[PDB]
Amino acid sequence: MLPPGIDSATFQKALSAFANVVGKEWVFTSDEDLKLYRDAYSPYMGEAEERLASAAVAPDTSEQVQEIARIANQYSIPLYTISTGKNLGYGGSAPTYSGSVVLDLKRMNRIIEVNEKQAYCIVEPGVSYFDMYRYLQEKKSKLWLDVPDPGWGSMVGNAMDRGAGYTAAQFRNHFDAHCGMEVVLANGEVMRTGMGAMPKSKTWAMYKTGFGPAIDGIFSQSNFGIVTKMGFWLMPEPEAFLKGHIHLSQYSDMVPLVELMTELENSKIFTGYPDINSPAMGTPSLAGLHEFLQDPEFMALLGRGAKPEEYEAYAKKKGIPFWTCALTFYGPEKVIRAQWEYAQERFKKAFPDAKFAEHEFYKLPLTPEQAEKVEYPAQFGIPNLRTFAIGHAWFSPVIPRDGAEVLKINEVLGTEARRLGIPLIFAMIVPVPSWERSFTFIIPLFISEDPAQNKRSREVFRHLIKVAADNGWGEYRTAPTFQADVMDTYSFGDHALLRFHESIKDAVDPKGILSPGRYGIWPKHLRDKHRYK
Amino acid sequence: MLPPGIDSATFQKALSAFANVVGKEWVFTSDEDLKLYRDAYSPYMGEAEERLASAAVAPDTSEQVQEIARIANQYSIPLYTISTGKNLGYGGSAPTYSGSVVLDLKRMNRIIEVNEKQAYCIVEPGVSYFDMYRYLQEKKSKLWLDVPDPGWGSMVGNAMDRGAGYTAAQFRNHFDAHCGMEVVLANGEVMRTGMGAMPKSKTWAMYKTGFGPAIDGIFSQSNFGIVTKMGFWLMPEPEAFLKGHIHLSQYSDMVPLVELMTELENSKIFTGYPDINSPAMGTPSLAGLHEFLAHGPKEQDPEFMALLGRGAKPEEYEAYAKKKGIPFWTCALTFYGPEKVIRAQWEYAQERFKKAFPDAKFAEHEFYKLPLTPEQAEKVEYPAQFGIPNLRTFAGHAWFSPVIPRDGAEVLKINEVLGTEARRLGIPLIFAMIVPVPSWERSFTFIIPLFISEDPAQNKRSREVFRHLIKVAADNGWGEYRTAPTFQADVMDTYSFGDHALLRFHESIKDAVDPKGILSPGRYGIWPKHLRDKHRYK
Ligand SMILES: Cc1cc2nc3c(=O)[nH]c(=O)nc-3n(C[C@H](O)[C@H](O)[C@H](O)COP(=O)(O)OP(=O)(O)OC[C@H]3O[C@@H](n4cnc5c(N)ncnc54)[C@H](O)[C@@H]3O)c2cc1C
Ligand SMILES: Cc1cc2nc3c(=O)[nH]c(=O)nc-3n(C[C@H](O)[C@H](O)[C@H](O)COP(=O)(O)OP(=O)(O)OC[C@H]3O[C@@H](n4cnc5c(N)ncnc54)[C@H](O)[C@@H]3O)c2cc1C
């Protein structure tokens, strides 16, 4: 394959110049080698519009990255930067623009700094969560990671997509926990953000913004730069871990549950991941047994797509809670037991029929073997593959911390989803509180062996996106298939936001070589052809 | 006055067009009117380089701001946007480029939204901390502000300068607590950031980044747009407040104090402002400020005054301090939460400090069940710790506030290095030591005050000296995070990695978002293309 508008002779010269920088054994051109850069969960799998690489280049150093950018810029070669390329559900290892050369940074896997007393690290993009966890545990570090689940991927690459994990509130937002970056620009120049812009700065990983415009955010969900280094704020290993279960009896309890849980979260009574499920509706939380392990009354309810309210009588008869809220607490035993006691007192005052249980308690540190037995190792910053040890994408619109909105998005998107026949499984989609102050409402897409089905799945998802936007519910992260679809919903001021990103794109990357099309941002030379329809 | 390179007729056409938008009574041109737009604390006070304004326009609405921008862009009129203009120590109400038309947003004082249950607001730039606190207190709100001290100024204006306050760690960084913005660009278009870019978005003040590049940061310490609206995350009023004192006997205790305090902070044992001071050296503290305010001055020990008089070094106060039995260091930890929670947190902090410092002493300094009555609020040690904007410390200046790591060895190295360059020059350093200020988690600010004089010659000396201190700090990897227009180009010059890649990057964005270069020319050392060579730093 060739990059569109790039003749074969120009491409071959570009590739020879890359090989001269990184070595011929680190420039990949074969159909066999490039199959490994296909999106394993492509919603366009096997179709004309499938996103494919023209080639891949795997540099060893930031200096080589600079030289590859220089060469790409000169020859106008489109470059798609990945860190470890494990972005399954959101585009995998494939480019946003078919024909782009993948710049694969997986060899730049150096741990630049770990500071135990100040609880930070600085990492290259190739440092995986597994690499960093092994490094910290072998050093008997008292620092935790915040890891996705499962724990494949890169601290950098995950942060560049604004990914998430499951430890304390201040670390669950990976990009928000970063401090300082190094960026290579389209012209090959290298730039440090924040305090790192001062040579010999002592504070690159300690003070986020630096001096003047705070620019780090423009590189995330973006195509304005190649990130070569990133600092992260790390969570000290707490003294102890307490998970408490709150059980509520009524469907209608959701509205005051959301209000009270959000107040306690905002009051920092707990900093762990709040997990809400419905035992009555059989929805799962982080209980691992679910996949690992059938009342006729329940099965009939589930068969006829019963609404949530229809489970309340059944739940009440079986003595099953309608809602469980699991609160996680990190800190000294006496402290987290007092936080949990306060949480119970507030819930008992609001819900006189509320029941409570201590679900987990650990004094830290754990042994490797005790760690293997915790309900959800990601809550301890342990990257792991257990969750699915006994293809897809998702629409994950963000809603407020409001129970009325939890009900409205179910009522609104559940029906449009039923009309157009996406198989929603439970009575209800229960809101996910990944980050403080909002929820995500998670709808899976399943890849079919039939491209005609995949086409209808893409048309249905694009409808669900427009319906959600009409009710003020917007997506926060998506696969290339839907990136321009979602950016079109952010249309305030006649698409002011996209027109703004296009201005910065043209300033920082005038030749438009960096990850064309990423988050709906096309460089000026491709913008006419790739205007959203 | 005319804006430089603009003729009387063009200026008159622009002024007339502004008055057609905001009305004739809200366009100001007289010397007398414009005197209020001078920097009350100008380090150039009365001198030729003093930052002056050529006119001021005070619009009522964001739609009037759009039309003002359109007109200024049409006539290449340089515009300097202020919210309430209370930026004393950092430029006051004055532009970064003399002859700029001040765009004064003080009339845009609407509280767009307050949500008690989700603990947020959306405000216009004219909403002062005093206005907002009054609004919340009359409503008997269970939400707190994070306020500077003194509490004059604008939630938006202070946030746009990346200012700081004194409540819980997650609100003390005012820009970091913001969620969503509305910006008018140089061409007069309006844009909403984050989730507000979706018309009818329900999440503008709930989910910070929105979708695609997270751009809000580029408008802070910048000249890329005019901020017309901002969301803030607000702190729920906690159940209770507890402040504990840790007393340590030795100078050398600083290094492990910083280590242990930083670990407990990063472990969220406490979330309040940790206050470190030296009773022994008499360094300022929230506690010493309350005393000076309550009982006025106190008769100083002449043994203390002998040490202070001869500019004795910190180590020389240790024997004196152990004689009069006064601590060398006091660390005040502030806890917000349920009484049983904060008492347990303080108990845990005491156990940790007792194991690290077997000689440590402890006291509970302050405890309150919230809410406070108006009478208790009057009598707390430091009202800004309760989100109360106040004027107690009003009963001029600029600063060099370099940022250092949470490292005791750096705290000593910055004292030895700058507490001699300053001694070699004539800058008055009062105490034996500048004690680091933990404004935000994971760093310290090292505060050297510049005192503005009636003597212009002494203000020129002060400028030259501070420009030196900025270069010496830079050579030791200590960078300034905020400064007055006098020093903005000087500080931007220190961030020179990659042959000034950061400034050349900002200049590229400047030219894409403001090609005619009308927004706040020179702010944080960012000059538009047409002025860049003439104003190139030296
Ligand atoms: C079952 C399942 C569960 C998942 N759970 C989670 C979860 O808990 N949390 C979560 O966040 N994700 C989750 N994911 C999504 C995904 O697996 C992770 O986000 C993964 O960590 C991302 O891949 P990566 O770290 O290798 O990043 P990469 O794929 O290397 O990077 C992601 C994207 O960012 C850009 N990028 C990467 N590196 C750079 C760079 N150096 N400079 C500029 N741009 C760059 C590129 O466009 C790239 O495609 C899940 C997926 C599946 C299928
Ligand atoms: C004794 C003393 C103590 C102080 N203590 C503190 C303190 O504790 N914490 C603290 O943070 N500061 C402190 N300051 C500094 C200052 O008083 C405050 O930061 C003050 O709140 C800022 O002024 P303001 O809110 O009116 O902002 P403004 O002056 O309105 O805005 C600040 C700057 O931001 C830009 N700007 C403003 N509005 C906009 C807009 N809408 N769009 C684009 N750009 C805009 C302008 O360049 C403006 O000059 C102190 C000063 C003194 C003298």
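This write-up is about the structure you can find in this document. (Residues numbered from 1 in each chain as written, not as in the entry; some residues may be left out. Chains lettered and ligands numbered in written order. Heavy atoms only, no water.)

The next point concerns the packing of aromatic side chains. In total, this model carries 55 aromatic pairs over all chains according to the counting rule given. Measuring from centroid to centroid gives 5.6 Å for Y97 of chain B and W527 of chain B, while their planes differ by 85 degrees, and the two rings are edge-to-face. For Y97 of chain B, a relative accessible area of 10% corresponds to the buried category. The buried category is assigned to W527 of chain B, whose relative accessible area is 11%. An aromatic cluster is built from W144, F241, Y330, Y362 and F380 of chain A, whose rings are joined through pairwise contacts. The cationic tip of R107 of chain A hangs over the ring face of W26 of chain A; the distance from NZ or CZ to the ring centre is 3.8 Å. The ring of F439 of chain A has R401 of chain A sitting right over it, with the charged end atom 4.8 Å from the ring centre. (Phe/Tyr/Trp six-rings, centres within 6.5 Å; stacked < 30°, edge-to-face > 60°. Buried < 20%, exposed > 50% of the residue type's maximum accessible area, 1.4 Å probe, protein only. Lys NZ or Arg CZ within 6 Å of the ring centre and 35° of its normal.)

Residues and elements named next belong to chain A. If you check which residues of helix α4 (residues 129–138) are buried, you get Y129, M132 and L136. End-on view of α4: buried residues confined to an arc of 70 degrees, all on one side of the axis. Opposite its buried face, α4 presents the exposed residues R134 and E138, each directed more than 90 degrees away. Positive phi shows up at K140, right after α4, with a value of about 50 degrees. (Helix = DSSP H or I, 4+ residues; strand = E, 2+ residues; numbered from the N terminus. Arc of directions from axis to C-beta.)

Residue and element names in this part refer to chain A. An order of β1-β2-β4-β3 is seen for the four strands of this open sheet, with the pairing classed as mixed. Among the strands making up the open sheet, the edge pair consists of β1 (27–28) and β3 (79–82). In terms of strand pairing, β1 meets strand β2 (residues 55–57) through two bridges, oriented antiparallel. When the sheet's bridge partners are listed, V27 is paired in β2 with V57. (Pairing = 2+ DSSP bridges.)

Time to look at the environment of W144 of chain A. Residues and elements named next belong to chain A. Take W144: it is sitting in strand β7 (residues 143–144). Separated by 92 residues in the primary sequence, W144 and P236 place their C-alpha atoms 6.1 Å from one another. For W144, the residues in contact, after removing those within four places along its chain, are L234, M235, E237, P238, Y330, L364, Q379, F380 and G381. Looking at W144, its side chain comes within polar contact range of the side chain of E237, at 3.0 Å. (Contact = heavy atoms within 4.5 Å. Polar contact = N/O pair within 3.5 Å; in protein donor to acceptor, adjacent residues only side chain to side chain.)

Taken together, the contact between chain B and chain A spans 97 residues of the former and 98 residues of the latter. Taken over both partners, the interface formed by chain B and chain A buries close to 8100 Å², and the fraction arising from carbon and sulfur atoms is 65%. Run the count over chain B and chain A and you get 10 salt bridges. A salt bridge links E345 of chain A to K340 of chain B; its shortest N-O distance comes to 3.9 Å. Where chain B packs against chain A, one counts 38 residue pairs in polar contact. The element best represented in the side of chain B that touches chain A is helix α16 (residues 497–513) of chain B, accounting for 11 residues. Residue classes in the side of chain B that touches chain A are distributed as 46 nonpolar, 28 polar and 23 charged. (Buried area = accessible area lost by both parts, 1.4 Å probe. Salt bridge = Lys/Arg side-chain N within 4 Å of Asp/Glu carboxyl O. Nonpolar A, V, L, I, M, F, W, Y, C, P; charged D, E, K, R; others polar.)

Residue and element names in this part refer to chain B. In the vicinity of ligand 2 lie 31 residues, with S83, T84, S154, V227 and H397 positioned nearest. Interatomic distance of 2.8 Å between a backbone N/O atom of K86 and an oxygen atom of ligand 2. A distance of 3.5 Å separates an oxygen atom of ligand 2 from a polar atom in the backbone of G157. For ligand 2, the protein covers 92% of the area, taking 960 Å² as the surface of the free molecule. Mapped by element, the contributors of at least two residues to the shell around ligand 2 are β3 (79–82), α5 (155–160) and β10 (226–233). Classifying every residue of the shell around ligand 2 by side-chain character gives 14 nonpolar, 12 polar and five charged. (Near = heavy atom within 4 Å. Areas by Shrake-Rupley, 256 points an atom, 1.4 Å probe, with all protein chains shown as cover.)

Such coordinate-based values are descriptive only and should not be taken to indicate function.
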